[PDB]
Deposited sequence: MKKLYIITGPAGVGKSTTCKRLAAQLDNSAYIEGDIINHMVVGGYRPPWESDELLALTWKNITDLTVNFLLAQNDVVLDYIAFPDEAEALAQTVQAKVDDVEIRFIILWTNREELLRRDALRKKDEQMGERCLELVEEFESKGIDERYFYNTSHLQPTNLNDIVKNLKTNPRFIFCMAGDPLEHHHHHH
């Protein structure tokens, strides 16, 4: 069967690093970077938080690409910002267009202070907390969170090995 991995979480949490490693581990997979999709719009571009229209478009494009990759016998690894609402919506569509698809929802988390330093090497802040409090207030189940503040990057393959089979993320 096919598998969909919705890896989300605050900026600097290591979504990109985790998704790239995960994708490279499956025999047949597709890696979708939400940001590249969103930034495809040039003329008239506006950030996600300033246009529900442009944001819905981005999820439309993500969804259609995900369906095609799954139908094509590819596992899909999605890296983007996603809350219960978006995950639910995506799931409804794929499930209605593809059979035997086990979807996994995974929210990578570390520590407020960790994200504080993790970005101190981007191109030079407080904003790294804006997304943090959003996930919390959304009252998301605790089984979808994966705190890696105590793990080592040298164990990256174990982490991706876990979230690949761990049933807790199976999107109960």
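Unmodelled stretches of the deposited sequence, numbered from 1?
Comparing the full sequence with the modelled residues, the uncovered ranges come out as 125 to 128, 177 to 189.
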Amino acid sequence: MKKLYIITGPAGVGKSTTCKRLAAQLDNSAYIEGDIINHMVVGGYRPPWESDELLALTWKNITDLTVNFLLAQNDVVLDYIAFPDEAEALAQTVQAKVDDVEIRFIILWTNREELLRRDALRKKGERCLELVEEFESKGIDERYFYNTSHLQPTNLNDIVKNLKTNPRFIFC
From here on, numbers count along this sequence of modelled residues.
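Test of understanding: from the entry's C-alpha B-factors, which stretch has the higher mean, 93 to 101 or 72 to 80?
Between 72 to 80 and 93 to 101, it is 93 to 101 that shows the higher mean C-alpha B-factor.
In the PDB record, does 104 to 112 or 23 to 31 carry the higher mean Cα temperature factor?
Higher of the two, by average CA B-factor, is 104 to 112.
In terms of recorded Cα temperature factor, pick the maximum from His39, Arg46, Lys60, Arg127.
The C-alpha B-factor peaks, among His39, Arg46, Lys60, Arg127, at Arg127.
Could you say whether, by C-alpha temperature factor, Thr154 belongs to the lowest, middle or highest third of its chain?
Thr154: CA B-factor falls in the middle third of its chain.
Of the three thirds of its chain by CA temperature factor, lowest, middle or highest, which one includes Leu54?
Within its chain, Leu54 is a middle-third residue by C-alpha B-factor, going by the deposited values.
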